[PDB]
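Here is the naming used below: chain letters follow the sequence lines, and residue numbers restart at 1 for every chain. We use all heavy atoms of the structure for the numbers below, so side chains are in, but hydrogens, waters and symmetry mates are not.
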Amino acid sequence: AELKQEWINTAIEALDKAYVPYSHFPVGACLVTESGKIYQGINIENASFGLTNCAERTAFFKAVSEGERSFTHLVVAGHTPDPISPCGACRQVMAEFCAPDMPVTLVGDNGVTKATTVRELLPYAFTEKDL
Amino acid sequence: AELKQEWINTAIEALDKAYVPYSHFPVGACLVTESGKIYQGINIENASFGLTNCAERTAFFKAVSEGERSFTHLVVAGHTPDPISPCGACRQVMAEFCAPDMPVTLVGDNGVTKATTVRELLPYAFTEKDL
Amino acid sequence: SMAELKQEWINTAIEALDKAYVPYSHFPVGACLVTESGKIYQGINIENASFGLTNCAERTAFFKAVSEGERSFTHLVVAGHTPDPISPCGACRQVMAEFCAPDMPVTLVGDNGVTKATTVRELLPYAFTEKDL
Amino acid sequence: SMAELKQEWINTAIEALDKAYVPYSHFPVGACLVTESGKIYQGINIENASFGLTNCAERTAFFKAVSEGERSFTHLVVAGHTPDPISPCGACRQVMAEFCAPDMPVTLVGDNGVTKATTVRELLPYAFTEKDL
Ligand SMILES: [Zn+2]
Ligand SMILES: [Zn+2]
Ligand SMILES: [Zn+2]
Ligand SMILES: [Zn+2]
């Protein structure tokens, strides 16, 4: 799968921009469209923890608000010894908007990475089929 | 894996008790503790859709509020032609409280079932390790 | 008396502080939701390693009650280890508006016996409802 | 004038109604969040097949703005296709309290030009804050 350095940079650079005054645990994201346009995400906490929003979802909400519907890659980065794991809530938003086989790159500290896909992160994904 | 009919019944019976005035899409859950005690869950919607709570999480919140910390099975049921899929948010709550290999049974209409586990529904799960 | 019952509901909400699952914030919140039939449901906040999946004590109480078929609520008590009475967050206030009458009383509790009397409508003015869906 | 700028923010929030991702409720909500520097951020509600993962228009606007480093907000407009001015839900009100001054004005819009003037404090009285964490 294609992986551009600007996408890695976008997700890592977001770590310094996250709004995490309660966890001090920043997460950054780079969501790529078919046209090559990049959307950066950060996690954004709330004094009521349950209203916290993840970096991956921030990037999707940005892109989707600008009318983007065709996504080709997602990079997620953390200050973690192994590649950062997206939480299950984010995996469900990725399934809403991405193809099962759309590539995902997970990044940690000191250059560690893990290559995966939407389907491998959320197998047997719930969809709108039966609503 | 052990599977008792009362657990299937508990999840299916919950379908008639769900609070789903907006989707009319009921989901039911049966969460089993080590002691054999059963906790039933229903999905519970809100006029602001984002405040909706899933049946699986309702069962965990019930059990955890009573001090339960040892879970041995989860059944989830829907009025669906294939076994109901837990959403990614629920999968993340299951990972908070359950062993990776704890069995999960998914049920649909006309007796269709799917046997899986917490780890298979949420691979490479995010944990508190690096907070 | 209504004041004596309210003291027992306050005690239930305060006991919930010891039951909370808050390994990340270490900030417990307790709730006591009271039904028309006299049954009480105790709530705790329940955190998740992914903070956004945390559930508040008030919502835990409502989800417990609603899962048992309760639809008629008469009082809600919320307690924290706070110098002033604890404030319910906006998300909880929206779940209260889903299930409770606007004039339902809510009692907020802090440390050393401090309390504040309010209602669902006072906590969430001009509340969003299902009317236009 | 402040009233003329507010009309343009209202227009931005109303245009967002056409941009919303609401394939389940078919109930669009639009937002226009205004910064101290004059920059605006448009929000839409964005639903999910699992309803609980839906994000409101107001929060979409805040998450867009905060991700670009914005921390100083001067106005928020929220619009719906509603006969009375649309009400922000409690969850959105709590995110507004995280980032906005209590006296920040909020303009609520409905169909046929109906508006309601309020503030963050009026929408979320006795707001929960970080003070005790
Ligand atoms: Zn996440
Ligand atoms: Zn779920
Ligand atoms: Zn709350
Ligand atoms: Zn909202």
Atom CZ in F126(B), atom CG in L121(A): separation rounded to 0.5 Å? 14.0 Å
Is it the case that over 12 heavy atoms from other parts of the model lie below 6.0 angstrom from the CD atom of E36(D)? no
Any side-chain donor paired with an acceptor under 3.5 Å for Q42(D) and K19(D)? yes
Using side-chain heavy atoms (C-beta onward) and a distance below 4.5 Å, is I46(D) in contact with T54(D)? no
Please tell me if the side chains of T35(D) and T74(D) come closer than 4.5 Å, counting only heavy atoms from C-beta onward. no
Identify the heavy atoms of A47(B) and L133(C) that sit nearest to each other, and give their distance. O-CD2, 3.9 Å
Let me confirm one number: the CD-SG distance from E56(B) to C87(B), rounded to the nearest 0.5 Å. 6.5 Å
Heavy-atom side-chain contact between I38(A) and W7(A) under 4.5 Å: yes
I need the minimum non-hydrogen distance between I44(C) and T60(C), along with the two atoms involved. O-OG1, 2.9 Å
Nearest 0.5 Å, please: how far is OG1 in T113(A) from CD1 in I8(A)? 7.0 Å
Using the side chain to side chain contact (heavy atoms under 4.5 Å, CB included) definition, which of the options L122(A), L31(A), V104(A) pairs with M94(A)? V104(A)
Are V120(D) and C100(D) side-chain neighbours, meaning at least one heavy-atom pair lies under 4.5 Å? yes
What heavy-atom pair brings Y124(B) and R91(A) nearest, and what distance separates the two atoms? O-NH2, 3.0 Å
Do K64(D) and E66(A) pass the side chain to side chain contact (heavy atoms under 4.5 Å, CB included) test, and can you show the C-alpha distance, the side-chain angles, and the key distance before you say yes or no? CA-CA 11 Å; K64(D) 282 174 73 173; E66(A) 313 290 347; 3.0 Å; yes
Taking everything shown except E4(D) itself, do over 12 heavy atoms lie less than 6.0 Å from its CD? no
Check whether any side-chain heavy atom of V114(C) sits under 4.5 Å from a side-chain heavy atom of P83(C), and report yes or no. no
Kindly compute the distance separating SG (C32(D)) from NE2 (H75(D)), expressed to the nearest 0.5 Å. 8.5 Å
With side chain to side chain contact (heavy atoms under 4.5 Å, CB included) as the test, would you mind laying out the steps for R57(A) and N55(D) before giving the verdict? CA-CA 9 Å; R57(A) 278 181 287 168; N55(D) 200 56; over 6 Å; no
Test item: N45(C) side-chain N/O and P28(C) main-chain N/O as donor-acceptor pair under 3.5 Å: no
Do you see a donor-acceptor pair shorter than 3.5 Å between the side chains of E120(A) and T117(A)? yes
Interatomic distance, SG@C90(A) vs CZ@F60(A), rounded to 0.5 Å, equals 8.5 Å
Looking at the rings of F97(A) and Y21(D), which for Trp means the six-membered one, are their centres under 6.0 Å apart? yes
Side chains of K39(D) and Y41(D): any donor to acceptor distance under 3.5 Å? yes
Using every non-hydrogen atom in the two residues, find where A14(A) and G28(A) come nearest and quote the distance to one decimal. CB-CA, 3.7 Å
Under 3.5 Å donor-acceptor, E47(C) side chain and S25(C) backbone: yes
Modelled atom types, side-chain donor and acceptor of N11(D) and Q7(D), under 3.5 Å: yes
With a 4.5 Å limit on heavy-atom distance, are the side chains of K129(B) and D82(A) in contact? yes
Spacing of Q92(A) atom CD and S85(B) atom OG [to the nearest 0.5 Å]: 7.0 Å
Centroid separation under 6.0 Å, is that true for the rings of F49(B) and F27(D)? no
Ring centres under 6.0 angstrom apart (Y24(C), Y22(A)): no
Nearest non-hydrogen partners of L53(C) and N48(C), listed with the distance: CB-CB, 3.7 Å
Can a side-chain donor-acceptor contact be found between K116(D) and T107(D) if the only test is distance below 3.5 angstrom? no
Measuring only between side-chain heavy atoms, which start at C-beta, is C56(C) closer than 4.5 Å to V29(C)? no
Heavy-atom closest pair (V75(A) atom, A11(A) atom, distance to 0.1 Å) is CG1-CB, 3.8 Å
Under the criterion side chain to side chain contact (heavy atoms under 4.5 Å, CB included), I'd like the reasoning laid out for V107(A) against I12(A): C-alpha separation, chi angles, the key distance, then a yes or no. CA-CA 8 Å; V107(A) 186; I12(A) 294 186; 4.2 Å; yes
